[PDB]
Structures are given as C-alpha cells and as structure tokens.
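Okay, structure first, notes after.
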Amino acid sequence: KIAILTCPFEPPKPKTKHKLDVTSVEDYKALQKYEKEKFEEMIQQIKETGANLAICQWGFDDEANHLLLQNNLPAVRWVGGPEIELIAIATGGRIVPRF
Amino acid sequence: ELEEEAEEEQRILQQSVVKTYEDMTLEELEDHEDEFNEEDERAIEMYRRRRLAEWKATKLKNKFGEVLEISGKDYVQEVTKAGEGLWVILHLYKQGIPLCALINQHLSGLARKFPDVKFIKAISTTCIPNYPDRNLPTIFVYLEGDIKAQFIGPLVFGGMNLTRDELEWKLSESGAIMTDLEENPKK
Amino acid sequence: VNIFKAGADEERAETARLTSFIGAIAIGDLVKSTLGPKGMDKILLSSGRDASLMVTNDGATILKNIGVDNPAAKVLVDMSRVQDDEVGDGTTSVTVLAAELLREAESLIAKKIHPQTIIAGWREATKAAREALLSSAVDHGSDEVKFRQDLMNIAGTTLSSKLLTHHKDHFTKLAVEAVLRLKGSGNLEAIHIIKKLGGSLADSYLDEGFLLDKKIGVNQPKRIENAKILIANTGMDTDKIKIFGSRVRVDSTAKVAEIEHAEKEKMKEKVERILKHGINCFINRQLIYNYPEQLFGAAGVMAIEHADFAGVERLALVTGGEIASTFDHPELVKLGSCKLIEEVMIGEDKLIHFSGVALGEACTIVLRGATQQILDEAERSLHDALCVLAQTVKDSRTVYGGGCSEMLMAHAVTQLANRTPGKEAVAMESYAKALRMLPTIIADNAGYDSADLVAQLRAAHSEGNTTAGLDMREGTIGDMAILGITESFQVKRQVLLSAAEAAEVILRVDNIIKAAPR
Ligand SMILES: Nc1ncnc2c1ncn2[C@@H]1O[C@H](COP(=O)(O)OP(=O)(O)O)[C@@H](O)[C@H]1O
Ligand SMILES: [Mg+2]
C-alpha cells in the first residue's frame, strides 16, 4: 500500500515571510521539543494509514530517513512531478499535499 | 578625509576632471549651499527636483532589507517568477564548511549594505538532488532565470579574499565578466 | 546549386561509406595492438591543460579518451563504453570484431552486393553462432570446489592480458577472494581500492578487514579492543534547529548568553543520548565540531569525522550497524562489532584498521606500485577482473577462451553458410572470416605463425575436437579443457551481439550530413 505524497518530510514553514522570535531558554527548549515532536508525529501519521511504502516529490533529510528506516516503512524521495502523476495513475492512489 | 576640509581654504584642484553640482547627490550637495552661485540656481533646483524624484521612484524598488528563508520546494517560484529584471543570487551551501560560512556572513552583510538585489539562500542537499560535496560553496547569479555566471569550487573561489572584490564580482554583471578584480587584487 | 550552410556538407554516395569504413578500421587498428596475453599497452598524453598522462591496455578508456572525428569512430567508442558498462570485459574484443566485420563488409560491397543482403546474411550467421555458443556453454555452481576452480580460471584469463600478469599467480586468487566476500551481492562499491605509491606491485594485498582513510579526533583514544561501533549520519556541527525564521530578539546580553548556554546544553544532551547506546566507537558522515569532539574525548569513545556516504555504507556492510540519524530509541536496530581499531601506517600515511570485523560484506584492496601510471593501470584492470568475477558469480555459465569459442561459433556459421544458397552464403563466409580474425590477431600480437595456427584450429574444430585453442606460453594448439583458459559466457555473448549490432547499424548508412559547427 503506497502513500503518494508531495510535501517534504521537513518542518513546515509558511510561504509568507516570517520571524519566530525566541526570547528565553524556555522558548528555545520549546522549539527543540516542537522540532522533535514534529518529526515523530509526521512519521507516526505516515505509519497509521497502514502504508508499506511512501513516495515524496520534494525529498527530505536524515532525521526523517532514520525514522522511515526504523519503522520498517521504505520510501523514495526527489521523485519528479510527472513521475508522481504516473505513479498515482498506475497504482491507483491519490496525491495528497499534506500529512 | 575630513582633515583636508579644515587645513586651509586653498584646495584649488588636484585630480578633479569635473566639479559641478550635477554629481553631488544628497550628502555633499547640501554642504556647500552658499557656494552655488545665484545665476545657475534655478538649474540647481531643477536638477535636485529631478534627482530626488528619481530617488523617490527607486524607493519602490530598493526595499528588501536582509536575507530570506527559501528552500528547495520554493526554488522554481523565486527563480522563474521572482520578478522582471530583479537580480537573484542563488546560494547553495551546507552547515560545517567554513569558507561557505564566511561567504554566507559576507552575503548577509551585503543584504543590508545593498537592498536593491535580494539574493536567496538554499540548502545544497535539499535544493538539487545528488549534489556532490565537492561543490559545497556554490553561488550563481541571474535575472529572469537565465543563469549567467555559475562559478564552482571550494578553493578556487577564494573566500578568504572575497570581501569587496568578489562582492562586486557577484554584483556587477550583464557585461564584461572581468570588471572588478583589478580594484582589489590579491597580489 | 548548394543549399545547406557555410560549413555544412553532405556525402551521399560511396564517400559516406568510405569515411565510415576508414574510421572503423582506424579504431580497430588502434585497438588491435592490445589483445591476448602478449598484447602491449599504450600511453595516452593530453595536449591540453594539465597534460594528463596515463598508461593503459584496455580499449574502453583508450577509445573514450581520444577525440574521435569520424562519426563511425564515435559509434565504435560508444559501443565500447556501453559494453564496458554492461560486463566490464571484451571492449577491445568487441571493437576489433566490429572493425573486421566492417572490413569484410567493404570487401563484399566491392563485389557489388547490396548492403541489405549482407545484413540478412549477418543476422542469420549471428543467430547460428549465438545458438552454437549457447549449446557449447558449460555450467557449474552446484559444485563447490569445481566452481571455485572455474572462478580462479576466469580471473586468470581476465587478468593475463594486463600488467598484473607479471604477478598473475598472486593476483587472480586475491580478486576471487574479494568477490567471495561479497556473498552474492552485486555491489562492486563494497570493494575499496586504496592506491599508495612505494614498493613492488607484489606487495598488494586484500586486507582481512577494512581500512579507513580518516583521522581520530584530539582527545579520543586511538586503539580499542572489542569495539562496539555506532555508525551515524547526524549533524554534530552548529546544528541549527531547522526552523527557518527563528532568531533571538532580546533586550540584554544576559539573554543571549543564556541562549548560547542552552545551545551548548542541547548539544551536550545529544551527545549523552548518543553515548546512552553503550558504545565505544562512533562514525559520523559529516563533520564533528569541537564541542562534540571534546565531549566524546571526555566520555572515552572514539569518533570519526567526515566519512562520506561510501565510507559509512562500507562500514555498515563490513560491521553490520545501521546508519543512525535519531537516537530517541536505542533499543531499536543495533550496532556493529569488531575486535581491533588500531591505526596502521602504510608508506608515510596512517589509516584506521578495522580488524576482526563481524561481516566480510565489504573489504579493501591495497595497491602499491612504483609509478602512478602503474597504480592507475592496476586499478583499472583489477576493476575489470572484479567485474567479470561478480558477473560470473551472478551467472555461472562459462565458455572456453583462447579462440576456442570463437572458432566453434565461426565453424557453425560456416556450416550454415554451406547449406544456404544465393549471395547470403558469401556474406556468412565473410562473417566467419571476420570472426576467425580474432585468434589470428592474438597470435600475431604474440608473434607466431598465425596462418598455420588458425588452419590447425579450423581443422581441429571441423573434425570434432570442440575444446581446441591457442596455447600461448608455448605457441601451439592445445586443449582448453585441460589447460584452463575459461571465460564468462555472458562476456562473450555480449561481445558477439554488440559487435554484430554495431556493424549492422553502421553498414546501412548511405548519406552523412554534417551541420555547421558551433
Ligand atoms: N592466457 C590466455 N591464453 C589464451 N588466450 C587468452 C589468454 N588471455 C586472454 N585470451 C584471449 O584473448 C582475448 C582478449 O583478451 P583480453 O585482452 O583480456 O580482453 P580485454 O582486453 O577485453 O580484457 C579473449 O577473448 C581471450 O579468449
Ligand atoms: Mg580480459
């Protein structure tokens, strides 16, 4: 069961320019926790759909790759747009833009 | 130097091909004031009106400020649709390499130093797939997406002596490539 | 009236095939002097920048380095490179066979025979020859000792036409051993070839473990017994939080001092999480900065900085660990094991020596010659031998070498030609002559009576002795079954098919149109 996916396995960021002010060590620790739980929640949300394989168009980083490995969920990255569309038409899935 | 401004009134001429009001912009155009004759005054006000009008027109253009936060997923929008005629200076880098850290900090200083050109910075790995580590510091400039200069190399770039010479090397384009090296040669 | 361009021209007649034939024959004659155990290699010198010098024997790099002008030469070079990619052997053989096919083709077209007639004859002849070669292929793999002897023979025949022939008895088995460490995985990148100058080429050895060309940190120990290696792919640098748009906007220096203390503390806690795995070794992909190195030195572990993707992959294969990036759950996929992490010196350099490795799935070969060109040629030819050994491990079917397989398949082509009427028969006879021109060339480069040897082989193969070929250490007609000049079936089949296809595609051009150069 393949999880055809578009958005990368990285922490989100709004398209509009933004500045997240961190003003204390408590805020810095909260940011660290936010990053860690974002990765973990992303991976568990991929897993909870029962997919044995995932495909992302935009690639991702190491802290995601190890999570995909350690949960026995293979996946590929940096798949082109037309390749994503052909995979979707062939395997019968639907392209989703968000976890 | 400001010391020449107080030594003596006799500073007649030395290496000054042209000396008129047409090239005094703002900072010095208002420090003579009483030395600008009277018959040519109306021309001076016409010139200042035109040039302040041009500066006001460029106010709508020169507001970018500092660096921004583009990644691989936003590459195409900000290299093919970033605007008409606006220079974009793509930067490919990774954390850990010192020379590219130097050039990143110098580019960040340039951002506030020159707000007309808004360069964008992106991670090397998650902007182009399978980018080798032999090209850790990468800079290429273009406008409308037509890549002009894409110099590549860790040590051939020379980030130790970058500062002003390669600052204008990136800045000056659309002409002869070798235009500012002779200003600040390494020697 | 001329219509094309300034600089664009057209050769729409015998001129086109003249250029194609002369270029293909030039390629063949250049490559021809490097066949057989008695072939002599060449020097490639660049007239451009850096004046690169390389001494090489195989035809793939010879053809790819030179700048060919004739489009037929480009066809031959592309075929040689593709054939090198597919199997890694017979590039010189396929190029030479294609050259002789084109030579017999021009000889035939001199006799006023339509090129499509030659094409049909060649198709029938190559079908018959491929069938005969497949029928004459011997197979192993079920056996253990016999298959190992077959692998040794394949390595010997692949490595006898190169410089390592000088120490062939030492090298072949070594190569075999390397492939025997791959355990069936078609992963040639698991083999590392470290080339260091100094000493005779017989000092080369396949290590009993792994060698890493990296450096220990400052305060880490430089020797471990009973190593517990953790292989990672983490940052360990400044390690930004990756939330782009995060910055400190405070109103005092105490705040930023606190924030930098928090950054150092998060790095310390990450190092503590790494150490909680119960490790005494740590290999990272990218750089390790000063604070993590200090923490590792204080803890009492050994850290490796900047071991690239290939390095960590080879360490994972040779030790059994996983490429870690997040250390939340140490109870998941585990570490690797070794027995010694001594630093060993070769020449003037120091390399980390992983001995007593848990798995032999990867290894390193140390190449040590007396000249950089010798090192390069040894590396290329060892790569060819390893490619062939891996290919024949994947497909154990083998056919005899020394021209025996070529002689028998040419005999089959001749027998087919004798029973076919029309002008096809002369086309197949020319095909057989071109195919038999290879052992002639091997004997010529050896320096023997080529005509007598080829006549003897033809008689022996027509009689029925289907294991007769050229014994070159004495220069006679011997038995490849007894002698042991084997060869991979895949290599020979690919050589035949690729050469025939390239000859067919080149032969059917009657117009060359060259556009104006840039
Ligand atoms: N020791 C040998 N005795 C007889 N024939 C050999 C020997 N070594 C190689 N040959 C023959 O020479 C031909 C070309 O060999 P070689 O030069 O090794 O090709 P390559 O350059 O592609 O490795 C092979 O078809 C093989 O049958
Ligand atoms: Mg060979």
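Order determines the names: the first chain of the structure tokens is A, the second B, and so forth; residues in each chain are numbered 1 upward, and ligands are numbered 1 upward as they are shown.
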Interface, chain C side, toward chain A (12 Å; only C-alpha atoms) as JSON, numbers by chain: {"C": [231, 232, 233, 234, 235, 239, 240, 241, 242, 243, 244, 245, 246, 247, 248, 249, 250, 251, 252, 253, 254, 255, 256, 257, 258, 259, 260, 261, 262, 263, 264, 265, 266, 267, 269, 270, 285, 286, 322, 323, 324, 325, 326, 327, 328, 329, 330, 331, 332, 333, 334]}
Residue list (strand (DSSP E), DSSP) for region 3-45 of chain A, as a PyMOL selection string: chain A and resi 3-5+20-22
Chain B contacts to chain A at 9 Å (only C-alpha atoms) as a list in words: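 Taken together, these residues fit the definition: residues 68, 69, 70, 72, 73, 74, 125, 126, 127, 128 and 129 of chain B.
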Contacts of region 137-150 of chain C within 9 Å, only C-alpha atoms, excl. fewer than 2 positions in-chain, as a PyMOL selection string: chain C and resi 132-135+152-155+176+393+395-400+405+484+486-487+489
For ligand 1, return the neighbouring residues as a JSON list (two decimals) with C-alpha atoms, in the first residue's frame (distance at most 8 Å; only C-alpha atoms and all ligand atoms).
[["chain", "number", "residue", "atom", "x", "y", "z"],
["C", 34, "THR", "CA", 46.32, -4.76, -27.11],
["C", 35, "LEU", "CA", 44.87, -8.29, -27.37],
["C", 36, "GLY", "CA", 45.91, -11.57, -25.81],
["C", 37, "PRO", "CA", 48.44, -12.37, -23.09],
["C", 39, "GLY", "CA", 49.49, -7.58, -26.04],
["C", 57, "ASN", "CA", 45.88, -1.51, -22.01],
["C", 58, "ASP", "CA", 42.11, -1.87, -22.31],
["C", 59, "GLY", "CA", 40.33, -0.37, -25.29],
["C", 88, "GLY", "CA", 33.41, -4.87, -17.98],
["C", 89, "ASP", "CA", 35.39, -7.07, -20.38],
["C", 90, "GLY", "CA", 35.85, -7.65, -24.08],
["C", 91, "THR", "CA", 35.73, -3.97, -25.03],
["C", 92, "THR", "CA", 38.87, -4.44, -27.11],
["C", 93, "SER", "CA", 37.45, -7.73, -28.43],
["C", 156, "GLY", "CA", 43.41, -15.74, -14.61],
["C", 157, "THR", "CA", 42.20, -15.35, -18.19],
["C", 158, "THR", "CA", 40.80, -11.88, -17.44],
["C", 159, "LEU", "CA", 44.00, -10.73, -15.71],
["C", 160, "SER", "CA", 46.60, -12.30, -18.03],
["C", 161, "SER", "CA", 46.38, -9.62, -20.74],
["C", 162, "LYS", "CA", 47.28, -6.80, -18.33],
["C", 381, "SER", "CA", 42.46, -3.91, -14.76],
["C", 384, "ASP", "CA", 37.78, -5.35, -14.90],
["C", 400, "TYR", "CA", 36.26, -21.77, -23.17],
["C", 401, "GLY", "CA", 38.60, -19.00, -24.26],
["C", 402, "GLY", "CA", 41.73, -18.70, -26.34],
["C", 403, "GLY", "CA", 39.66, -18.53, -29.51],
["C", 404, "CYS", "CA", 38.03, -21.93, -28.96],
["C", 438, "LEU", "CA", 40.41, -12.52, -33.69],
["C", 439, "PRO", "CA", 42.62, -15.53, -32.78],
["C", 442, "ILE", "CA", 46.05, -12.79, -30.80],
["C", 469, "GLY", "CA", 42.64, -23.35, -28.95],
["C", 470, "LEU", "CA", 45.91, -21.40, -28.76],
["C", 471, "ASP", "CA", 48.42, -22.43, -26.09],
["C", 472, "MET", "CA", 50.39, -19.19, -25.91],
["C", 473, "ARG", "CA", 53.09, -19.91, -23.33],
["C", 485, "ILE", "CA", 41.63, -20.87, -20.29],
["C", 486, "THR", "CA", 37.98, -20.30, -19.42],
["C", 487, "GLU", "CA", 35.82, -17.20, -19.96],
["C", 492, "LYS", "CA", 31.40, -13.50, -24.99]]
Helix (DSSP H, G or I) residues, from DSSP on the backbone, in region 1-182 of chain B, as a PyMOL selection string: chain B and resi 4-7+21-23+29-32+41-59+72-80+98-113+133-135+163-171+181-182
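Counting only C-alpha atoms, every residue of chain B that comes within 12 Å of chain C is listed here: residues 66, 67, 68, 69, 70, 71, 94, 95, 96, 97, 98, 101, 121, 122, 123, 130, 132, 133 and 134 of chain B.
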